[PDB]
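Read the structure below first, then the notes.
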Amino acid sequence: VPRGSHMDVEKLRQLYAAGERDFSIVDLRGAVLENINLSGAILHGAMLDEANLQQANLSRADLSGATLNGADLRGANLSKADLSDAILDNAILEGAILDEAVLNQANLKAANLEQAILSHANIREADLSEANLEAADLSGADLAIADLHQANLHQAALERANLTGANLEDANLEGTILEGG
């Protein structure tokens, strides 16, 4: 498993296919990882900034502490993945599936999560300031003490979501269970 040098995507595929799951701290910056299946991979602390992860299968992956600044995760599946303490500022997660993921203390400033599925996710203390959550499914999610200032939650599903202590200043709440309240 290459460490200290940039990981080739073909090498990553071969290793995963051989049964390897520990890709902690690997350097995949800018890598073209679209459609890759890395389900269950350990990517703890990995450098995935700017990566193309369109429609990647990252279900049950451990991405805790990884850096994903500006990464393209459009349509990726992160069901039950761990993204605690990850950095996803300015990442693109449109249509991504993060059902039952954990994102506690993640950084998602100005991330695009339009139409993302975050049902029953742990999103406690995340920075979602200026994020786009238009039509995102946050059903039953925990956003305790999250920063949502200036976030777009237009038509988001906040039913049964916990927003206790969250910063909702200048957030768009039109179409949600909170509209008009």
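A quick note on method: Cβ atoms are made from the backbone with ideal geometry, for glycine too, and the neighbour counts reach across all protein chains shown. Readers should treat all values here as calculations from the given coordinates under stated rules, not as data from a laboratory.
The residues of the stretch 83-102 that are charged (D, E, K, R) and either buried (at least 23 other Cβ atoms within 10 Å of the Cβ) or within 16 Å of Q54 (Cβ to Cβ) (or both) amount to a single one, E94. Checked against (1) over 10 Å from the mean Cα position of the chain (by Cα); (2) within 19 Å of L48 (Cα to Cα); (3) of a type outside the set (K, R), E130 passes all but condition (2). The residues in the stretch 103-137 that are within 17 Å of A166 (Cβ to Cβ) and of a type in the set (V, I, T) can be counted, and the count is 1. Which pairs have Cβ atoms under 8 Å, sit 6 or more apart or on different chains, and link a residue in the stretch 37-57 that is free of Cβ contacts under 8 Å to residues at least 40 places away in the same chain and over 12 Å from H6 (Cβ atoms) to one that is of a type in the set (A, V, I, L, M, F, W, C) and part of a strand (DSSP E or B)? Here the result reads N52/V32, each pair linking the stretch 37-57 to a residue that is of a type in the set (A, V, I, L, M, F, W, C) and part of a strand (DSSP E or B). Restricting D147, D142, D137 to residues that are acidic (D, E), surrounded by 21 or more Cβ atoms within 10 Å (Cβ to Cβ) and over 27 Å from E50 (Cα atoms) narrows the list to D142.
Checking the condition without any contact (Cβ under 8 Å) to a residue 60 or more places away in the chain and more than 20 Å from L73 (Cα to Cα), which residue from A18, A31 passes? Going through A18, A31 in turn, just one is without any contact (Cβ under 8 Å) to a residue 60 or more places away in the chain and more than 20 Å from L73 (Cα to Cα): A18. The set of residues in the stretch 16-30 being surrounded by fewer than 22 Cβ atoms within 10 Å (Cβ to Cβ) and closer than 23 Å to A110 by Cα consists of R29, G30. Considering only residues that are under 15 Å from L33 (Cα atoms) and more than 11 Å from the chain's Cα centre (by Cα), look in the stretch 54-66 and name the one that is surrounded by the most Cβ atoms within 10 Å (Cβ to Cβ). So, considering only residues that are under 15 Å from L33 (Cα atoms) and more than 11 Å from the chain's Cα centre (by Cα), the one surrounded by the most Cβ atoms within 10 Å (Cβ to Cβ) is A61.
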